[PDB]
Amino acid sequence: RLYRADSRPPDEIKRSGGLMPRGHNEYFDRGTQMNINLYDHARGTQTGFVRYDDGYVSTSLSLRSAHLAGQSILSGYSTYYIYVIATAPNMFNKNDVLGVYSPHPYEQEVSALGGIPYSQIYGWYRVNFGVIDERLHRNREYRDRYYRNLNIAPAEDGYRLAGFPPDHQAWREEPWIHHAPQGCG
């Protein structure tokens, strides 16, 4: 499972179909042709938010990291939640897909393509005054049998989605060259 601090409450998340990328109102919303790009996402920064722009929602591999990250971005916020999400192919390990071009390598994040459906969310810890209420509130709509078997998307499926611009050196070298889209590198 993965974790992410967010100022958005459990009923706002249910109202949108899940944890949505910036601009995306809800999950199955086709009305906003949102720009999806892993590289552009990995380099961005939104105040009051852990990277959620460019068609991707970042998540951490641990609770202390999810919390560390929540304490920088959401410090003082009388209330925020730490969402426990299950692994599924719509997740991409940033460092692995971007290699030495991963903007914030020491960070280690597993970004999710298009957002995180509500059915993929395990539960959430409430965080008051910057202190974690240790009792996880579970999500009854979590599809355990479906998300129990799935795993993060392996790097060989994201290289083509790495999103580097055309002139980028990466596209001309390993391992990106083998999966470069038309017009790139």
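All residue numbers are counted from 1 along the displayed sequence.
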{"item": "Of 53 to 61 and 140 to 148, the one with larger mean CA B-factor", "value": "140 to 148"}
{"item": "Which of 168 to 176 and 16 to 24 has higher mean CA B factor, as the PDB entry lists it", "value": "168 to 176"}
{"item": "Deposited CA B-factor, highest of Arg160, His41, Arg135, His67", "value": "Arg135"}
{"item": "Given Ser102, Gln71, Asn93, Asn90, the residue at which the Cα B factor reaches its maximum", "value": "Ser102"}
{"item": "Cα B factor band for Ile116 (lowest, middle or highest third within the chain)", "value": "lowest"}
